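Asker: The following block contains the structure, expressed as structure tokens.
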Number of protein chains: 2
Amino acid sequence: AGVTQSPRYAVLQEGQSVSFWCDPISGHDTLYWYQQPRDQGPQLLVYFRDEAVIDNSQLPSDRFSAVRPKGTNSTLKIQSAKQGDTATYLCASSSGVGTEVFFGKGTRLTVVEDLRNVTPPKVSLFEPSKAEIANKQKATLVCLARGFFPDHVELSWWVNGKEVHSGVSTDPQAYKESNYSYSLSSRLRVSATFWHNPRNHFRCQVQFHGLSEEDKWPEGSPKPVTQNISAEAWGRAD
Amino acid sequence: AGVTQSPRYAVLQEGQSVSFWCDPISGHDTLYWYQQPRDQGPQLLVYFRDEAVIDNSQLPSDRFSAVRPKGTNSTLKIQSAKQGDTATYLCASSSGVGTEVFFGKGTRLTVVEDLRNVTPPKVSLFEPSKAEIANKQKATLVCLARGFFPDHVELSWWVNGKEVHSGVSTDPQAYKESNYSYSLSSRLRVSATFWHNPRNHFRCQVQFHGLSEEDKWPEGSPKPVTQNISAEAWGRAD
């Protein structure tokens, strides 16, 4: 799409390390890494030209390194993560200083006290009311996700196997039901006639970014890896 | 997107009925329904202006009806399905005769001898070779789906929870391993560096269009409803 970063999400326990990986516009000269804490503004970590750090004193501490050994791909590493490192890491690229910057989508990082706390959502779909259908000739489905941790979920809607965007409304932020428990919801509005066709299939899908295969799971419970949890319903003949 | 049809896929047993539903461009005058058998061309079933059938003698038999009672949405019904009805049903819309036609995506219909035969795929992901990675600096994943019936599957690739299209190559047609058994495969090519990051997540997703909730399942086995079957893998540090 332009600047591309991997991964999109990462969850670590205090003390671990993560390497963020960025890949500037196929043709580009300057590359910036930024750290942006949740409710705060972006802080420049470091920037390169071709393959050389231009300004280094930017790096907030010695837990951070960045390299761009051949002048294209860059990797920003954090060792010894602190909860303090929790933030979105933004890559950007540019042609020359001051010439309109171009920004990545970011890599979201959460560092927790204990990976044992990571847990996927339980997802529930609530059906439209008869009163809406008849009075508004529209039908609104409600998706509820809760019990997850951390806040690394993306919710989408699927109608007959094809994603839909128009008619959707999703809470912007997950809600903190507790210490290690979030909650989030979304609405899909469709037409009366559409809901009334029992060959019509509706699915709410929650993508959860959890543990990687490389994370060791001290076991017992099912390991809370990245996974899709869905709830669905079929249209009803009234 | 323009002309919209529901559902996208349907599987019936001989003797049942299906109603296809179409919704022309929000502003449109003429509406056509076509039947297009797999290896053949489109045959006009019927067309309307506003809310009236213009030409009816088109309908191939009395098992078919179409209505457009208020002049917008149309519904084409088949009773007493035959295997002979297996085909893609195409909706199209137009302003006036001969003025460049605009076509829907279609509704794919398969009528079988027995719904008991409907069965979802088993899906397998095969990892890249070390030789490709080192020699080509690229890594190609292989997705295999088989054992499904009927031919109502869509395969997609997901990398860190985001769909990807560039680098994909999917067989155009499922392969007929047997009477009631299809097979299909796909390749995703990514860069060496990308595969080598163990925070990178790769998923092959097969969407299967099966039975609806309204279809009665004579039971025993898990009912082969519409469902997503996935196989995934995480990047490996070499």
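Starting from 1 in every chain, residues are counted up; chains themselves are A, B, ... following the order of the structure tokens, and ligands are numbered from 1 as listed.
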Write out as a ChimeraX atom specification each polymer residue whose atoms come within 9 Å of region 16-21 of chain A, counting only C-alpha atoms; drop sequence neighbours fewer than 3 positions from it.

Answerer: /A:4-7,10,12-13,73-82,89,91,107,111 /B:194,197,199

Asker: Residues as selected, C-alpha atoms, written as a PDB file, in the first residue's frame, can you do that?

Answerer:
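Wrote it out as result.pdb, contents follow:
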ATOM      1  CA  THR A   4       4.578  -1.641   4.938  1.00  0.00           C
ATOM      2  CA  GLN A   5       5.338  -2.849   8.459  1.00  0.00           C
ATOM      3  CA  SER A   6       5.402  -6.255  10.143  1.00  0.00           C
ATOM      4  CA  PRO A   7       3.922  -7.423  12.213  1.00  0.00           C
ATOM      5  CA  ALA A  10       2.584  -7.888  18.984  1.00  0.00           C
ATOM      6  CA  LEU A  12       5.219  -9.484  24.793  1.00  0.00           C
ATOM      7  CA  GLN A  13       5.846 -10.058  28.441  1.00  0.00           C
ATOM      8  CA  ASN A  73      14.329  -2.670   4.759  1.00  0.00           C
ATOM      9  CA  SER A  74      14.762  -1.434   8.299  1.00  0.00           C
ATOM     10  CA  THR A  75      14.417  -3.208  11.615  1.00  0.00           C
ATOM     11  CA  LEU A  76      13.889  -1.530  14.934  1.00  0.00           C
ATOM     12  CA  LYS A  77      14.599  -3.783  17.903  1.00  0.00           C
ATOM     13  CA  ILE A  78      13.590  -3.421  21.549  1.00  0.00           C
ATOM     14  CA  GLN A  79      15.269  -5.582  24.189  1.00  0.00           C
ATOM     15  CA  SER A  80      14.041  -5.991  27.715  1.00  0.00           C
ATOM     16  CA  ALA A  81      10.587  -4.651  27.052  1.00  0.00           C
ATOM     17  CA  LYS A  82       8.889  -2.529  29.689  1.00  0.00           C
ATOM     18  CA  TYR A  89       5.474   2.091  16.277  1.00  0.00           C
ATOM     19  CA  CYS A  91       7.404   3.837  10.069  1.00  0.00           C
ATOM     20  CA  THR A 107       2.845  -1.754  14.480  1.00  0.00           C
ATOM     21  CA  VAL A 111       3.972  -5.386  26.789  1.00  0.00           C
TER      22      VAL A 111
ATOM     23  CA  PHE B 194       9.136 -11.715   5.509  1.00  0.00           C
ATOM     24  CA  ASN B 197      10.110 -13.129  10.892  1.00  0.00           C
ATOM     25  CA  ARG B 199       6.041 -12.517  14.463  1.00  0.00           C
TER      26      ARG B 199
END

Asker: As an MDAnalysis selection string, please: every residue in region 9-218 of chain B that DSSP puts in alpha helix (DSSP H).

Answerer: chainID B and resid 130:136 192:195

Asker: Export, as a compact mmCIF listing (two decimals), in the first residue's frame, the selected residues with N, CA, C and O atoms.

Answerer:
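Now in again_16.txt:
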# COMPACT_ATOMS: atom_id res chain seq x y z
N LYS B 130 13.64 -24.47 1.82
CA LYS B 130 14.83 -23.70 2.16
C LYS B 130 15.56 -23.24 0.90
O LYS B 130 16.11 -22.14 0.86
N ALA B 131 15.53 -24.09 -0.13
CA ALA B 131 16.20 -23.80 -1.40
C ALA B 131 15.63 -22.57 -2.13
O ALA B 131 16.39 -21.78 -2.71
N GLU B 132 14.31 -22.40 -2.10
CA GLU B 132 13.69 -21.23 -2.70
C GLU B 132 14.20 -19.99 -1.98
O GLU B 132 14.80 -19.10 -2.58
N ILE B 133 13.98 -19.96 -0.67
CA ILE B 133 14.35 -18.84 0.18
C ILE B 133 15.77 -18.31 -0.08
O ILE B 133 16.00 -17.10 -0.17
N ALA B 134 16.73 -19.22 -0.18
CA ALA B 134 18.13 -18.86 -0.28
C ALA B 134 18.50 -18.47 -1.70
O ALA B 134 19.28 -17.55 -1.92
N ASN B 135 17.95 -19.20 -2.66
CA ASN B 135 18.30 -18.97 -4.06
C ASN B 135 17.49 -17.86 -4.73
O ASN B 135 18.04 -17.08 -5.52
N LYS B 136 16.21 -17.78 -4.38
CA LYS B 136 15.28 -16.81 -4.96
C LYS B 136 14.96 -15.65 -4.01
O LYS B 136 14.35 -14.66 -4.42
N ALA B 192 11.73 -13.57 1.25
CA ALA B 192 12.50 -14.32 2.21
C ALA B 192 12.43 -13.64 3.57
O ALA B 192 12.08 -14.26 4.56
N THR B 193 12.77 -12.35 3.62
CA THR B 193 12.86 -11.65 4.90
C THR B 193 11.55 -11.72 5.66
O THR B 193 11.53 -11.72 6.88
N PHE B 194 10.46 -11.76 4.91
CA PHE B 194 9.14 -11.72 5.51
C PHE B 194 8.79 -13.04 6.16
O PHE B 194 8.26 -13.08 7.26
N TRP B 195 9.09 -14.13 5.46
CA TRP B 195 8.86 -15.46 5.99
C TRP B 195 9.73 -15.73 7.22
O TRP B 195 9.36 -16.51 8.10

Asker: If the cut-off is 10 Å, can you tell me the residues of chain A near chain B, counting only C-alpha atoms? I'd like them as a ChimeraX atom specification.

Answerer: /A:6-11,18-21,73,153-154,159-162,193-194,197-201,203,207-209,211-215,226-228,230,232-237

Asker: Identify, on the basis of only C-alpha atoms, every residue whose closest approach to residue 188 (chain B) does not exceed 6 Å; exclude the query and any residue fewer than 2 positions from it along the same chain; express the result as a VMD selection string.

Answerer: chain B and resid 140 to 141 167 to 168

Asker: Present chain B as a short mmCIF file (atom, residue, chain, number, x, y, z; two decimals) with C-alpha atoms, in the first residue's frame, least-squares fitted onto chain A over all of its C-alpha atoms paired in order.

Answerer:
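Writing done, so here's out-v3.cif:
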data_model
loop_
_atom_site.label_atom_id
_atom_site.label_comp_id
_atom_site.auth_asym_id
_atom_site.auth_seq_id
_atom_site.Cartn_x
_atom_site.Cartn_y
_atom_site.Cartn_z
CA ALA B 1 0.00 0.00 0.00
CA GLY B 2 3.10 2.16 0.40
CA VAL B 3 5.08 1.86 3.60
CA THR B 4 4.58 -1.64 4.94
CA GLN B 5 5.34 -2.85 8.46
CA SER B 6 5.40 -6.25 10.14
CA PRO B 7 3.92 -7.42 12.21
CA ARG B 8 0.67 -5.49 12.63
CA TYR B 9 0.32 -6.44 16.33
CA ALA B 10 2.58 -7.89 18.98
CA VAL B 11 2.16 -8.87 22.61
CA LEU B 12 5.22 -9.48 24.79
CA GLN B 13 5.85 -10.06 28.44
CA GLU B 14 8.11 -7.69 30.36
CA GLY B 15 11.74 -8.51 29.64
CA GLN B 16 11.34 -9.96 26.16
CA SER B 17 12.47 -8.40 22.91
CA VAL B 18 10.70 -7.61 19.67
CA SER B 19 12.03 -6.60 16.31
CA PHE B 20 9.71 -4.39 14.21
CA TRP B 21 10.25 -4.57 10.51
CA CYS B 22 9.58 -1.87 7.96
CA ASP B 23 9.81 -1.62 4.20
CA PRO B 24 9.75 1.92 2.74
CA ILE B 25 8.27 2.92 -0.61
CA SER B 26 10.10 0.78 -3.19
CA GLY B 27 11.79 4.02 -4.17
CA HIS B 28 12.67 6.12 -1.14
CA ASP B 29 15.55 7.91 0.52
CA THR B 30 14.73 8.92 4.08
CA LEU B 31 13.19 6.52 6.62
CA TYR B 32 11.81 7.45 10.04
CA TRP B 33 10.72 5.33 13.02
CA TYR B 34 8.38 6.93 15.54
CA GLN B 35 6.97 5.85 18.84
CA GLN B 36 3.40 6.92 19.56
CA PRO B 37 1.98 6.10 23.02
CA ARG B 38 -1.81 5.64 23.17
CA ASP B 39 -3.03 9.09 24.23
CA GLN B 40 0.10 10.99 23.17
CA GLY B 41 1.94 12.32 20.14
CA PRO B 42 4.65 10.72 17.97
CA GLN B 43 8.26 10.81 19.12
CA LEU B 44 11.03 10.36 16.57
CA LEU B 45 13.17 7.35 17.49
CA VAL B 46 15.61 7.55 14.61
CA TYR B 47 15.96 8.29 10.90
CA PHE B 48 18.17 6.99 8.11
CA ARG B 49 19.32 8.16 4.76
CA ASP B 50 20.03 5.24 2.44
CA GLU B 51 21.75 2.96 5.01
CA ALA B 52 23.18 5.34 7.61
CA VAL B 53 21.67 6.65 10.79
CA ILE B 54 21.51 10.40 10.39
CA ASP B 55 20.48 11.26 13.93
CA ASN B 56 20.95 8.69 16.66
CA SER B 57 20.81 10.62 19.93
CA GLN B 58 17.08 10.40 19.29
CA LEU B 59 16.90 6.82 20.59
CA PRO B 60 15.41 7.19 24.11
CA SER B 61 17.67 4.49 25.55
CA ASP B 62 20.06 1.57 24.84
CA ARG B 63 17.26 -0.97 24.75
CA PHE B 64 16.58 0.24 21.17
CA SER B 65 18.48 -0.41 17.95
CA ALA B 66 17.72 0.15 14.29
CA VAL B 67 19.54 -1.01 11.22
CA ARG B 68 18.95 -0.71 7.51
CA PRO B 69 22.02 -2.63 6.40
CA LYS B 70 21.40 -2.42 2.66
CA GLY B 71 19.48 0.83 2.68
CA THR B 72 15.99 -0.54 2.09
CA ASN B 73 14.33 -2.67 4.76
CA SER B 74 14.76 -1.43 8.30
CA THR B 75 14.42 -3.21 11.62
CA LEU B 76 13.89 -1.53 14.93
CA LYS B 77 14.60 -3.78 17.90
CA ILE B 78 13.59 -3.42 21.55
CA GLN B 79 15.27 -5.58 24.19
CA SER B 80 14.04 -5.99 27.72
CA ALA B 81 10.59 -4.65 27.05
CA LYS B 82 8.89 -2.53 29.69
CA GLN B 83 5.16 -1.86 29.96
CA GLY B 84 6.54 1.60 29.23
CA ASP B 85 7.25 0.48 25.67
CA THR B 86 3.54 -0.18 25.03
CA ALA B 87 2.75 1.95 21.94
CA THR B 88 2.21 2.11 18.21
CA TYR B 89 5.47 2.09 16.28
CA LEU B 90 5.16 4.08 13.09
CA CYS B 91 7.40 3.84 10.07
CA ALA B 92 7.48 6.70 7.57
CA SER B 93 9.40 7.58 4.40
CA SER B 94 10.27 10.74 2.50
CA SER B 95 12.39 12.02 -0.42
CA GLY B 96 14.25 14.82 1.34
CA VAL B 97 13.87 16.77 4.59
CA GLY B 98 10.60 18.73 4.68
CA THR B 99 9.07 17.18 1.55
CA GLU B 100 5.66 15.86 2.71
CA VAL B 101 6.13 12.72 4.82
CA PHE B 102 4.45 9.38 4.02
CA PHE B 103 3.28 7.22 6.95
CA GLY B 104 2.85 3.47 7.54
CA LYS B 105 -0.14 1.89 9.26
CA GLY B 106 1.99 1.20 12.32
CA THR B 107 2.84 -1.75 14.48
CA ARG B 108 0.85 -1.94 17.69
CA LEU B 109 2.87 -3.19 20.70
CA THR B 110 1.58 -4.16 24.09
CA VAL B 111 3.97 -5.39 26.79
CA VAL B 112 2.30 -7.24 29.68
CA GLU B 113 3.41 -8.44 33.13
CA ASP B 114 2.53 -12.03 32.21
CA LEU B 115 1.62 -13.79 28.96
CA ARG B 116 -0.57 -16.21 30.94
CA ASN B 117 -3.12 -13.39 30.99
CA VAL B 118 -3.49 -13.27 27.21
CA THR B 119 -6.91 -14.63 26.27
CA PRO B 120 -9.07 -14.58 23.09
CA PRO B 121 -12.58 -13.10 22.95
CA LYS B 122 -15.91 -14.80 23.34
CA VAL B 123 -18.09 -13.50 20.55
CA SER B 124 -21.90 -13.13 20.45
CA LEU B 125 -24.33 -12.04 17.70
CA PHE B 126 -27.68 -10.47 18.64
CA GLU B 127 -30.58 -10.55 16.13
CA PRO B 128 -32.73 -7.61 14.92
CA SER B 129 -36.07 -6.73 16.51
CA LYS B 130 -39.36 -7.35 14.69
CA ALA B 131 -40.31 -3.73 15.44
CA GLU B 132 -37.34 -2.28 13.54
CA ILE B 133 -37.98 -4.48 10.49
CA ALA B 134 -41.64 -3.50 10.18
CA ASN B 135 -41.39 0.16 11.14
CA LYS B 136 -38.01 1.06 9.60
CA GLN B 137 -37.84 -1.66 6.93
CA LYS B 138 -34.28 -2.09 8.19
CA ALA B 139 -32.64 -4.75 10.39
CA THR B 140 -29.68 -4.10 12.70
CA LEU B 141 -27.44 -6.92 13.97
CA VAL B 142 -25.36 -6.52 17.14
CA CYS B 143 -21.96 -8.12 17.62
CA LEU B 144 -20.51 -8.41 21.14
CA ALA B 145 -16.94 -9.42 21.95
CA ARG B 146 -15.63 -9.69 25.48
CA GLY B 147 -13.27 -11.43 27.88
CA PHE B 148 -10.25 -10.78 25.67
CA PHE B 149 -6.78 -9.47 26.52
CA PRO B 150 -5.02 -7.54 25.50
CA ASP B 151 -6.73 -4.99 23.30
CA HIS B 152 -5.58 -6.54 19.99
CA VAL B 153 -8.77 -7.25 18.07
CA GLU B 154 -10.23 -6.24 14.73
CA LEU B 155 -13.93 -6.80 14.06
CA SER B 156 -15.44 -7.25 10.60
CA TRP B 157 -18.78 -8.16 9.06
CA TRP B 158 -19.44 -10.78 6.37
CA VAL B 159 -22.63 -11.25 4.37
CA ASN B 160 -22.79 -14.32 2.18
CA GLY B 161 -19.02 -14.70 2.51
CA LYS B 162 -18.23 -11.22 1.23
CA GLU B 163 -16.99 -8.46 3.56
CA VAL B 164 -19.18 -5.37 3.96
CA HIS B 165 -18.35 -1.87 5.21
CA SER B 166 -21.38 0.28 4.48
CA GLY B 167 -23.93 -0.10 7.26
CA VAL B 168 -21.34 -0.93 9.89
CA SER B 169 -20.66 0.91 13.14
CA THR B 170 -18.02 -0.38 15.53
CA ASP B 171 -17.02 1.00 18.90
CA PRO B 172 -13.69 2.83 18.43
CA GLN B 173 -12.13 1.48 21.63
CA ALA B 174 -12.46 -1.78 23.51
CA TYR B 175 -13.90 -1.36 27.00
CA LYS B 176 -11.97 -2.36 30.12
CA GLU B 177 -14.33 -4.70 31.95
CA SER B 178 -11.39 -5.53 34.23
CA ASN B 179 -7.63 -5.80 34.73
CA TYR B 180 -7.13 -8.49 32.13
CA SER B 181 -10.45 -8.29 30.29
CA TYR B 182 -11.71 -6.14 27.40
CA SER B 183 -15.09 -5.83 25.66
CA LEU B 184 -16.19 -4.38 22.30
CA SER B 185 -19.30 -4.20 20.08
CA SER B 186 -20.47 -3.34 16.56
CA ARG B 187 -23.68 -2.91 14.53
CA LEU B 188 -24.51 -4.04 11.01
CA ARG B 189 -27.66 -2.53 9.49
CA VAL B 190 -29.27 -4.23 6.49
CA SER B 191 -32.62 -3.98 4.72
CA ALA B 192 -35.74 -5.75 5.87
CA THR B 193 -36.03 -7.73 2.64
CA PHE B 194 -32.44 -8.86 2.98
CA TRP B 195 -32.75 -10.16 6.52
CA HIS B 196 -35.93 -11.98 5.51
CA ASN B 197 -34.21 -14.23 3.01
CA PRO B 198 -33.20 -17.49 4.72
CA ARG B 199 -30.52 -18.13 2.06
CA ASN B 200 -28.74 -15.08 3.46
CA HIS B 201 -25.81 -15.66 5.78
CA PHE B 202 -24.47 -13.14 8.28
CA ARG B 203 -21.20 -13.47 10.20
CA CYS B 204 -19.43 -11.25 12.71
CA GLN B 205 -15.68 -12.01 12.73
CA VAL B 206 -13.26 -11.00 15.45
CA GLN B 207 -9.59 -11.30 14.55
CA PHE B 208 -7.50 -11.68 17.75
CA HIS B 209 -3.73 -11.02 17.69
CA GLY B 210 -2.29 -13.21 20.41
CA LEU B 211 0.75 -15.40 21.01
CA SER B 212 3.01 -16.61 18.25
CA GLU B 213 4.09 -20.21 17.81
CA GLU B 214 7.49 -19.17 19.19
CA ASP B 215 5.97 -18.03 22.49
CA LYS B 216 6.17 -20.91 24.97
CA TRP B 217 2.84 -21.77 26.57
CA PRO B 218 3.24 -22.99 30.17
CA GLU B 219 0.17 -24.95 29.23
CA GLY B 220 -2.88 -26.45 30.77
CA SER B 221 -5.27 -24.17 28.91
CA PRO B 222 -5.53 -23.79 25.13
CA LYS B 223 -2.68 -21.50 24.04
CA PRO B 224 -4.13 -18.03 23.18
CA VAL B 225 -2.59 -17.74 19.72
CA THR B 226 -3.69 -15.37 16.99
CA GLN B 227 -7.07 -16.71 15.90
CA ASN B 228 -10.43 -15.73 14.36
CA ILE B 229 -13.53 -16.09 16.49
CA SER B 230 -16.86 -15.69 14.73
CA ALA B 231 -20.60 -15.62 15.50
CA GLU B 232 -23.14 -16.04 12.71
CA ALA B 233 -26.85 -16.20 11.89
CA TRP B 234 -28.99 -16.94 8.84
CA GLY B 235 -31.79 -14.74 7.59
CA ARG B 236 -35.23 -15.73 8.81
CA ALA B 237 -38.39 -16.07 6.78
CA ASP B 238 -40.79 -13.95 8.85
#

Asker: Go through region 7-188 of chain B and collect every residue that DSSP, computed from the backbone, puts in strand (DSSP E); the answer should be as a PyMOL selection string.

Answerer: chain B and resi 9-13+18-23+30-36+43-49+52-55+64-67+74-78+87-94+102-103+107-112+122-126+138-148+153-159+162-164+168-170+175-178+181-188
